[PDB]
Amino acid sequence: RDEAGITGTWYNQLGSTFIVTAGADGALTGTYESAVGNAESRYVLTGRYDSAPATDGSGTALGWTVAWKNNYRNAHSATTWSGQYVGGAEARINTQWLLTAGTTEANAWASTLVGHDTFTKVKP
Amino acid sequence: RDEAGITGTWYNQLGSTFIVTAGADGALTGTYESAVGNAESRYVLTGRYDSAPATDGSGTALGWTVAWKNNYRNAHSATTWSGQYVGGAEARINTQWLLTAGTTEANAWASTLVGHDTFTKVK
Amino acid sequence: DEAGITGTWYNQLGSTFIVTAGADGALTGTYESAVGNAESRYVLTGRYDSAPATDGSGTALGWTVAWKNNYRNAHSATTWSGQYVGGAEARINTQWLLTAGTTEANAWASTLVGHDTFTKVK
Amino acid sequence: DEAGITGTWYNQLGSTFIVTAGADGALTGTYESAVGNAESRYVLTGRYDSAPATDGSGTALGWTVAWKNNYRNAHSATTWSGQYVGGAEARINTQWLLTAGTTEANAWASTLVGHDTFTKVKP
């Protein structure tokens, strides 16, 4: 388990804030606050992680989702982050993400942005 | 919202089976069974959807995650699907996905597959 | 194969992909997009595996269009990465990335991803 | 940006990208990968926006390598899509898709996705 390691507050290269708890049976629960886009304050996130990773120095696979609706705004969109947690002095979660917006069928070719976020326990 | 429309069993183009409950608060919970890769039986999934979508006939944005560990197997990996639900007679969830495996730092450039899954109510 | 790839292809959106595959592994031709900030034909260039596996695998390829021609400039570029699969029902199965020139501030939102399947008839 | 893009670039893995930007929007050159099933230099071709915006935006570009040369054939191709940012920190920021030739049964796992940043300084 990297339950110890994952749980807590993380920061990406944009200044976004990711607060998460890793449960014992593979759950990720928390809130996400984005520094960019059509977003204000905290959004619910849920995800999953590998609770029994390989002990061979490999990272721990995880992922989570945010739907960009809360008590402030609704951006009619959702982001999934897919990546791995890497332990050590400078712990890191390296991710790629997909951000899909609800579109009409004629616009659906342009529904989905892709990008990458690196999270550290210390802000930039 | 699409709570009723989304809740149920979905099948993708590979024969994979998505069983999902959409909650009133925007939650998705259920099980995923992959017909492909290093997987057997059901895996837990959790995700979110837009519980108050646009009414201009847009899709409903959603996403979910599966970590590929259950009682039977552990593939040391996780998939996320990001996409949108389109309701109607031929209801569809159109998704793109990222599958990341735990890797060493030297192999991290090769950690993440990308693909697309289209889910339908009937196989 | 050279001649199997060479020719006119159509995707699920009604776009038109006209390509010649060189013996040197080159792809050259033109792309006409049915959607987005585009009109008329655009130059494309790419590469393909000119000596693929013989075990029934497809043939890897990729190409780029920058969305500038004599009519329009959308300050963006698409790359398609995929594989050609021969046979009665010949297909090129691709995923693509479309990056627009952005400011540094908006760079997180620079790139769309999608998937196009090309066939020999519409 | 033709003079600015033209040159020898290195990514964070130490791969070498030698490119020439043409007047007519062409990119031509060689790529040498520090990782995967690769040896020596491979032909690349691509395109860039030869008349970009004047508003501080980057220059959109992309290129393709097929991983066949005289030394090796990985039966795969990578495309990089990104933008050139001029000036102080001269940078090409890209995302990439690496597709292998696969059987139809394995086509779900045909494509890797990643990100590479290029600078003229070898790290």
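Rules used throughout
- Residues numbered from 1 in each chain as written, not as in the entry; some residues may be left out.
- Chains lettered and ligands numbered in written order.
- Heavy atoms only, no water.
- Contact = heavy atoms within 4.5 Å.
- Buried area = accessible area lost by both parts, 1.4 Å probe.
- Salt bridge = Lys/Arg side-chain N within 4 Å of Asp/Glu carboxyl O.
- UniProt positions renumbered as here; feature names shortened; annotations may be inferred.
- Polar contact = N/O pair within 3.5 Å; in protein donor to acceptor, adjacent residues only side chain to side chain.
- Helix = DSSP H or I, 4+ residues; strand = E, 2+ residues; numbered from the N terminus.
- Buried < 20%, exposed > 50% of the residue type's maximum accessible area, 1.4 Å probe, protein only.
- Pairing = 2+ DSSP bridges.
- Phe/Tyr/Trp six-rings, centres within 6.5 Å; stacked < 30°, edge-to-face > 60°.
- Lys NZ or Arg CZ within 6 Å of the ring centre and 35° of its normal.

As recorded in the PDB header, X-ray crystallography is the method behind this entry, and the stated resolution is 1.9000 Å.

J.: Report on the interface of chain C and chain B, specifying residues and quantitative values.
T.: For interface size, the figure often reported is the accessible area lost on association. Contact with chain C, which involves four residues of that partner, is made by four residues of chain B. For the pairing of chain C and chain B, the buried interface totals around 350 Å² over both sides, and the portion due to carbon and sulfur atoms is 45%. Counting the surface chain C buries against chain B, the share from its top three residues, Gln95(C), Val113(C) and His115(C), is 92%. The interface formed by chain C and chain B holds zero salt bridges in total.

J.: I'd like a rundown of the UniProt feature "binding site: biotin" in chain D, residues and numbers included.
T.: Residue and element names in this part refer to chain D. With numbering aligned to this structure, UniProt lists the feature "binding site: biotin" at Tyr31, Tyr42, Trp80, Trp96 and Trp108. A stretch of 78 residues holds the annotated residues, and the largest C-alpha distance among them is 27.0 Å, long enough that they do not meet in one place. Here the side chain of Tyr31 touches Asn11 through a polar contact of 3.3 Å, side chain to side chain. Topologically, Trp108 is positioned in the loop between β7 (91-100) and β8 (111-119). On the accessibility criterion, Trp108 (23% relative accessible area) is partly exposed.

J.: I'd like a description of the pairing of strand β8 (residues 111-119) of chain C, backed by residues and values.
T.: Residue and element names in this part refer to chain C. Most of β8 is tucked away: seven of the nine residues are buried. Relative to β8, strand β7 (residues 91-100) runs antiparallel, the two sharing nine bridges. Bridge pairing in β8 places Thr94 opposite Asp116.

J.: Describe the packing of aromatic side chains, and please don't skip the residues or the numbers.
T.: According to the stated counting rule, one finds 44 aromatic pairs over all chains in the structure shown. Between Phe18(A) and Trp64(A), the ring centres sit 4.0 Å apart and the planes meet at 10 degrees, which makes this aromatic pair stacked. With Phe18(A) in strand β2 (residues 17-22) and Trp64(A) in strand β5 (residues 60-69), the pair connects residues that are 46 residues apart, well separated along the chain. Take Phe18(A) and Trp64(A): they sit in the same class, and that class is buried. The interplanar angle of 55 degrees and the centroid separation of 5.3 Å between the aromatic rings of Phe18(A) and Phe119(A) together place this pair among those described as tilted. One end of the pair, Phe18(A), is in strand β2; the other, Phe119(A), is in strand β8 (residues 112-120), with 101 residues separating them in the sequence. Accessibility classification places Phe18(A) together with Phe119(A) in one group, the buried group. Here the aromatic residues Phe18(A), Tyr32(A), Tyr43(A), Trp64(A), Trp68(A), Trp81(A) and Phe119(A) are joined through ring pairs into a cluster of three or more. Directly above the aromatic system of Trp9(C) lies the positively charged group of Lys120(C), at a separation of 5.5 Å from the ring centroid.

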